[PDB]
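Visitor: Provided below: upload02.cif, containing mmCIF, C-alpha atoms and all ligand atoms.
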```cif
data_work
loop_
_atom_site.label_atom_id
_atom_site.label_comp_id
_atom_site.auth_asym_id
_atom_site.auth_seq_id
_atom_site.Cartn_x
_atom_site.Cartn_y
_atom_site.Cartn_z
CA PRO I 1 -6.31 16.15 -7.71
CA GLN I 2 -2.62 15.58 -7.02
CA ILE I 3 -1.94 13.93 -3.67
CA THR I 4 1.38 14.29 -1.88
CA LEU I 5 2.96 11.41 0.02
CA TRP I 6 4.44 13.53 2.83
CA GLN I 7 1.45 12.21 4.79
CA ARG I 8 -0.72 9.12 4.39
CA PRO I 9 -3.00 9.65 1.36
CA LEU I 10 -6.29 9.65 3.29
CA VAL I 11 -9.47 10.61 1.46
CA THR I 12 -13.18 10.57 2.14
CA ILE I 13 -15.41 7.93 0.56
CA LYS I 14 -19.13 7.22 0.54
CA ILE I 15 -20.33 3.62 0.63
CA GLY I 16 -23.59 2.07 1.77
CA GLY I 17 -24.87 5.57 2.43
CA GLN I 18 -22.01 5.97 4.92
CA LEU I 19 -19.08 8.39 4.83
CA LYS I 20 -15.71 6.97 5.85
CA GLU I 21 -12.02 7.82 5.69
CA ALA I 22 -9.83 5.51 3.58
CA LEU I 23 -6.20 5.11 2.51
CA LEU I 24 -5.41 5.22 -1.23
CA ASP I 25 -3.15 2.17 -1.36
CA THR I 26 -1.25 1.27 -4.56
CA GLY I 27 0.31 -1.77 -2.91
CA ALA I 28 -3.15 -3.23 -2.25
CA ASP I 29 -4.68 -5.54 -4.86
CA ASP I 30 -8.08 -5.28 -3.17
CA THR I 31 -10.25 -2.83 -1.29
CA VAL I 32 -10.70 -3.70 2.37
CA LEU I 33 -13.00 -1.94 4.81
CA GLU I 34 -13.48 -2.35 8.56
CA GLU I 35 -16.55 -4.31 9.74
CA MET I 36 -19.77 -3.03 8.19
CA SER I 37 -22.96 -4.23 6.52
CA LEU I 38 -23.27 -4.52 2.73
CA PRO I 39 -26.08 -5.80 0.43
CA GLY I 40 -25.96 -8.88 -1.75
CA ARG I 41 -24.22 -12.23 -1.39
CA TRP I 42 -20.68 -12.76 -0.15
CA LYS I 43 -18.03 -15.47 0.13
CA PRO I 44 -15.13 -15.90 2.61
CA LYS I 45 -11.56 -15.02 1.64
CA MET I 46 -8.19 -14.64 3.36
CA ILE I 47 -5.80 -11.74 2.83
CA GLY I 48 -2.40 -11.36 4.44
CA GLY I 49 0.95 -9.65 4.72
CA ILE I 50 2.98 -8.19 7.57
CA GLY I 51 1.53 -9.65 10.76
CA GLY I 52 -0.17 -12.59 9.09
CA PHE I 53 -3.61 -13.13 7.57
CA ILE I 54 -7.17 -12.09 8.41
CA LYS I 55 -10.48 -13.49 7.19
CA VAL I 56 -12.86 -11.19 5.33
CA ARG I 57 -16.14 -11.29 3.44
CA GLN I 58 -16.07 -10.63 -0.29
CA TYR I 59 -18.90 -8.61 -1.84
CA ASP I 60 -18.86 -8.04 -5.59
CA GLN I 61 -20.37 -5.18 -7.60
CA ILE I 62 -20.48 -2.71 -4.73
CA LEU I 63 -21.06 0.96 -5.47
CA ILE I 64 -18.54 3.33 -3.93
CA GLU I 65 -17.58 6.98 -4.35
CA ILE I 66 -13.96 8.09 -3.91
CA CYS I 67 -13.49 11.88 -3.87
CA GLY I 68 -16.69 12.41 -5.84
CA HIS I 69 -15.64 9.80 -8.39
CA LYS I 70 -18.21 7.02 -8.59
CA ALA I 71 -16.81 3.51 -9.05
CA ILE I 72 -18.01 -0.08 -8.81
CA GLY I 73 -16.09 -3.17 -7.79
CA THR I 74 -15.34 -5.87 -5.26
CA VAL I 75 -15.08 -4.79 -1.62
CA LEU I 76 -13.73 -6.95 1.20
CA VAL I 77 -15.08 -6.44 4.74
CA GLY I 78 -13.17 -7.60 7.81
CA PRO I 79 -11.03 -6.73 10.89
CA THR I 80 -8.60 -4.48 9.01
CA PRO I 81 -6.78 -1.78 11.03
CA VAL I 82 -7.46 0.92 8.42
CA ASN I 83 -9.85 1.36 5.51
CA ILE I 84 -8.03 0.57 2.28
CA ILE I 85 -8.88 1.49 -1.29
CA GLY I 86 -6.94 -0.94 -3.51
CA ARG I 87 -5.90 -1.07 -7.16
CA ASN I 88 -9.21 -2.70 -8.16
CA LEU I 89 -10.97 0.63 -7.49
CA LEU I 90 -8.05 3.02 -7.95
CA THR I 91 -8.02 2.15 -11.67
CA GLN I 92 -11.72 2.99 -12.00
CA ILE I 93 -11.11 6.58 -10.95
CA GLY I 94 -8.08 6.92 -13.20
CA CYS I 95 -5.54 7.14 -10.39
CA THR I 96 -1.85 6.89 -11.31
CA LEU I 97 1.62 7.16 -9.75
CA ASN I 98 3.80 9.96 -11.11
CA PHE I 99 7.41 11.04 -10.63
CA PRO L 1 6.95 8.47 -15.50
CA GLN L 2 3.25 7.71 -15.11
CA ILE L 3 2.29 4.32 -13.73
CA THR L 4 -1.22 2.88 -14.04
CA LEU L 5 -2.58 0.37 -11.52
CA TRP L 6 -4.15 -2.37 -13.68
CA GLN L 7 -1.32 -4.63 -12.51
CA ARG L 8 0.97 -4.41 -9.46
CA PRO L 9 3.27 -1.36 -9.70
CA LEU L 10 6.47 -3.46 -9.61
CA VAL L 11 9.72 -1.67 -10.47
CA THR L 12 13.44 -2.39 -10.39
CA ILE L 13 15.58 -0.98 -7.59
CA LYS L 14 19.29 -1.17 -6.87
CA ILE L 15 20.75 -1.60 -3.39
CA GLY L 16 24.15 -2.88 -2.31
CA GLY L 17 24.96 -3.14 -6.01
CA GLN L 18 22.22 -5.72 -6.54
CA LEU L 19 19.05 -5.32 -8.58
CA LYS L 20 15.73 -6.27 -7.03
CA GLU L 21 12.04 -6.11 -7.86
CA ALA L 22 9.97 -3.93 -5.52
CA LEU L 23 6.38 -2.76 -5.06
CA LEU L 24 5.50 0.95 -4.96
CA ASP L 25 3.21 1.04 -1.93
CA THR L 26 1.54 4.32 -0.99
CA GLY L 27 -0.18 2.46 1.82
CA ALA L 28 3.19 1.87 3.47
CA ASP L 29 4.72 4.59 5.64
CA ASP L 30 8.10 2.88 5.47
CA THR L 31 10.24 0.91 3.06
CA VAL L 32 10.60 -2.79 3.93
CA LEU L 33 12.87 -5.23 2.12
CA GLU L 34 13.29 -9.00 2.31
CA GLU L 35 16.10 -10.44 4.42
CA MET L 36 19.44 -9.15 3.13
CA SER L 37 22.81 -7.81 4.21
CA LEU L 38 23.18 -4.06 4.81
CA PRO L 39 26.05 -2.01 6.32
CA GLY L 40 26.33 -0.30 9.69
CA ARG L 41 24.31 -0.65 12.86
CA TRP L 42 20.59 -1.23 13.02
CA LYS L 43 17.89 -0.28 15.52
CA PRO L 44 14.58 -2.00 16.39
CA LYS L 45 11.23 -0.89 14.95
CA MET L 46 7.63 -2.09 15.16
CA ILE L 47 5.54 -1.89 12.00
CA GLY L 48 1.82 -2.52 11.76
CA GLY L 49 0.45 -4.75 9.04
CA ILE L 50 -2.89 -6.17 7.93
CA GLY L 51 -2.45 -8.99 10.43
CA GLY L 52 -0.75 -7.15 13.27
CA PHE L 53 2.61 -5.78 14.42
CA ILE L 54 6.03 -7.39 13.97
CA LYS L 55 9.62 -6.39 14.70
CA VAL L 56 12.00 -5.45 11.89
CA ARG L 57 15.55 -4.12 11.65
CA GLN L 58 16.04 -0.44 10.80
CA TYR L 59 19.04 0.77 8.80
CA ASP L 60 19.40 4.52 8.37
CA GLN L 61 21.00 6.54 5.59
CA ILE L 62 21.12 3.68 3.07
CA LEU L 63 21.72 4.38 -0.62
CA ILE L 64 19.11 2.93 -2.94
CA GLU L 65 18.01 3.58 -6.52
CA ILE L 66 14.35 3.34 -7.55
CA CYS L 67 13.60 3.42 -11.28
CA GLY L 68 16.93 5.13 -11.82
CA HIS L 69 16.22 7.79 -9.20
CA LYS L 70 18.82 7.94 -6.45
CA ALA L 71 17.70 8.12 -2.83
CA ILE L 72 19.32 7.88 0.59
CA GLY L 73 17.20 7.03 3.58
CA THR L 74 15.74 4.56 6.05
CA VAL L 75 15.34 0.96 4.93
CA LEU L 76 13.63 -1.64 7.10
CA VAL L 77 14.52 -5.32 6.81
CA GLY L 78 12.15 -8.11 7.84
CA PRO L 79 9.74 -10.87 6.68
CA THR L 80 7.80 -8.83 4.15
CA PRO L 81 5.57 -10.62 1.60
CA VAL L 82 7.42 -8.62 -1.07
CA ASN L 83 10.03 -5.83 -1.24
CA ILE L 84 8.19 -2.58 -0.53
CA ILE L 85 9.10 1.01 -1.30
CA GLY L 86 7.05 3.09 1.11
CA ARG L 87 6.21 6.79 1.38
CA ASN L 88 9.51 7.70 3.05
CA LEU L 89 11.32 6.98 -0.22
CA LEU L 90 8.42 7.67 -2.59
CA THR L 91 8.68 11.27 -1.42
CA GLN L 92 12.43 11.40 -2.03
CA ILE L 93 11.91 10.56 -5.70
CA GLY L 94 9.04 13.04 -5.96
CA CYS L 95 6.20 10.56 -6.32
CA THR L 96 2.56 11.65 -6.07
CA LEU L 97 -0.88 10.15 -6.75
CA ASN L 98 -3.06 11.69 -9.48
CA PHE L 99 -6.61 11.37 -10.78
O1 LIG U 101 0.59 -5.32 5.12
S1 LIG U 101 1.84 -5.17 4.37
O2 LIG U 101 2.89 -6.17 4.31
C1 LIG U 101 2.77 -3.68 4.87
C2 LIG U 101 4.03 -3.50 4.21
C3 LIG U 101 4.88 -2.40 4.50
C4 LIG U 101 4.48 -1.44 5.46
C5 LIG U 101 3.23 -1.59 6.12
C6 LIG U 101 2.38 -2.70 5.84
CL1 LIG U 101 0.89 -2.79 6.69
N1 LIG U 101 1.35 -4.58 2.76
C7 LIG U 101 2.06 -5.05 1.55
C8 LIG U 101 1.58 -6.30 0.83
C9 LIG U 101 0.98 -7.38 1.53
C10 LIG U 101 0.55 -8.54 0.82
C11 LIG U 101 0.72 -8.63 -0.59
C12 LIG U 101 1.31 -7.55 -1.30
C13 LIG U 101 1.74 -6.40 -0.59
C14 LIG U 101 0.20 -3.62 2.75
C15 LIG U 101 0.61 -2.18 2.32
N2 LIG U 101 -0.30 -1.78 1.22
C16 LIG U 101 -0.88 -3.02 0.64
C17 LIG U 101 -1.01 -4.02 1.81
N3 LIG U 101 -2.32 -4.03 2.54
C18 LIG U 101 -3.08 -2.80 2.88
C19 LIG U 101 -2.71 -2.16 4.24
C20 LIG U 101 -2.82 -2.92 5.45
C21 LIG U 101 -2.49 -2.34 6.71
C22 LIG U 101 -2.05 -0.98 6.77
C23 LIG U 101 -1.94 -0.22 5.58
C24 LIG U 101 -2.27 -0.80 4.32
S2 LIG U 101 -3.01 -5.57 2.97
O3 LIG U 101 -4.25 -5.30 3.71
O4 LIG U 101 -1.99 -6.31 3.68
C25 LIG U 101 -3.54 -6.50 1.52
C26 LIG U 101 -2.87 -7.73 1.24
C27 LIG U 101 -3.25 -8.53 0.12
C28 LIG U 101 -4.30 -8.10 -0.74
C29 LIG U 101 -4.97 -6.88 -0.47
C30 LIG U 101 -4.60 -6.07 0.65
CL2 LIG U 101 -5.48 -4.59 0.92
CL CL U 102 -13.25 -5.45 -8.65
CL CL U 103 -5.88 3.83 -17.65
CL CL U 104 13.91 8.17 5.08
#
```
Show me the file's structure as structure tokens.
Ligand SMILES: O=S(=O)(c1ccccc1Cl)N(Cc1ccccc1)[C@H]1CNC[C@@H]1N(Cc1ccccc1)S(=O)(=O)c1ccccc1Cl
Ligand SMILES: [Cl-]
Ligand SMILES: [Cl-]
Ligand SMILES: [Cl-]
Guide:
Amino acid sequence: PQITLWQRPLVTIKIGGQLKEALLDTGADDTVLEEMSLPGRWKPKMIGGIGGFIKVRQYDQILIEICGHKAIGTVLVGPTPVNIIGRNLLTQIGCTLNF
Amino acid sequence: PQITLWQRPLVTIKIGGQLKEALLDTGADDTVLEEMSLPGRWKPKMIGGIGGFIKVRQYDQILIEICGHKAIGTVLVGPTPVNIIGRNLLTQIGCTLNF
């Protein structure tokens, strides 16, 4: 699909058997989701920008589906204000910027 | 052009006659640049980030060139981790996401 930027590029995703709404973010190196439970081991990490930094848990090799497109990659879980799908997963679905 | 996301989508912009490196951020509603001098009056604005809200300066109707494409719009100035071209200007240059 071709997504306009007149509005925030919000799409539906399926992760951990759950359906959530997330922002396709090209400025994000990583994928960050609001508090939730995920399988496997994790390690602490800090991500920051406008407003400062927040602490999150890093889970690797997590299965996720963005708009029907299945992808695998690292997912960070923490007190983010909005679900974010970063470049690490955007590439897996073949997403690109065009103008 | 078509821009993949394997690495940060950094491009060259021109503002106030100076060239700068900026990040194409679809996760950003607005365009935020590092501290710099801009003409005219400015108004206050609150922007939300990964770590919370902060106050930045808002300059309206500012000329700026992104990847050779000319645009004229709102530019916010504040302590951003990197220069960011948000949706407000990404739309002016006809940018969309595709996969
Ligand atoms: O928070 S920002 O400064 C911002 C800028 C302009 C307008 C609004 C905001 Cl919130 N920012 C840019 C940034 C930060 C740090 C390094 C490089 C760029 C956002 C915008 N998109 C990527 C960034 N994030 C995702 C995001 C957070 C909150 C709301 C929308 C999107 S993030 O979490 O800070 C993040 C930083 C580092 C690694 C992964 C992630 Cl995912
Ligand atoms: Cl990854
Ligand atoms: Cl590719
Ligand atoms: Cl604008």
Visitor: Considering all atoms listed in the file, state which residue in the set L:98, L:58, L:42, L:27 is at the smallest distance from ligand CL 104 (chain U).
Guide: L:58
Visitor: Name the residues, by chain letter and number, that sit within 10 Å of ligand CL 103 (chain U) using only C-alpha atoms and all ligand atoms, and give them as a VMD selection string.
Guide: (chain I and resid 90 to 96) or (chain L and resid 3 to 6)
Visitor: For residue 57 in chain I, work out the shell of residues within 9 Å, counting only C-alpha atoms and skipping chain neighbours fewer than 6 positions away, then give it as JSON, numbers by chain.
Guide: {"I": [42, 43, 44, 45, 46, 75, 76, 77, 78]}
Visitor: Might you pull out every residue within 6 Å of residue 86 in chain L, with all atoms listed in the file counted and same-chain residues fewer than 4 positions away left off, and present them as an MDAnalysis selection string?
Guide: chainID L and resid 25 28:31
Visitor: What are the centre and edge lengths in Å, to one decimal, of the axis-aligned box around all listed atoms of range 26-33 of chain I with 3 Å added on each side, as JSON?
Guide:
```
{"center_x": -6.3, "center_y": -2.1, "center_z": 0.0, "size_x": 19.3, "size_y": 12.8, "size_z": 15.7}
```
Visitor: For chain I, which of L:19, L:24, L:62, L:71 is the closest residue, counting all atoms listed in the file?
Guide: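 Using all atoms listed in the file, chain I sits closest to L:24.
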Visitor: Determine the nearest neighbour of chain I from the options L:85, L:50, L:36, L:63, counting only C-alpha atoms.
Guide: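 Closest to chain I of all the choices is L:50.
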Visitor: Between I:56, I:33, I:13, I:47, which is the closest to chain L once you count all atoms listed in the file?
Guide: I:47
Visitor: Residues within 7 Å of ligand CL 102 (chain U) should be enumerated using all atoms listed in the file and returned as a list in words.
Guide: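 Answer in the requested format: residues 60, 73, 74, 88 and 89 of chain I.
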Visitor: Would you mind reading off the distance between CA of residue 18 in chain I and CA of residue 26 in chain L, one decimal, in Å?
Guide: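 Result for CA of residue 18 in chain I versus CA of residue 26 in chain L: 24.3 Å, one decimal.
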Visitor: L:32, L:64, L:51, L:79: which is nearest chain I, counting only C-alpha atoms?
Guide: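 For chain I, the nearest of the given residues is L:51.
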Visitor: Pick the closest to ligand LIG 101 (chain U) from L:2, L:99, L:23, L:34: which is it, counting only C-alpha atoms and all ligand atoms?
Guide: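 Distance minimum relative to ligand LIG 101 (chain U) lands on L:23.
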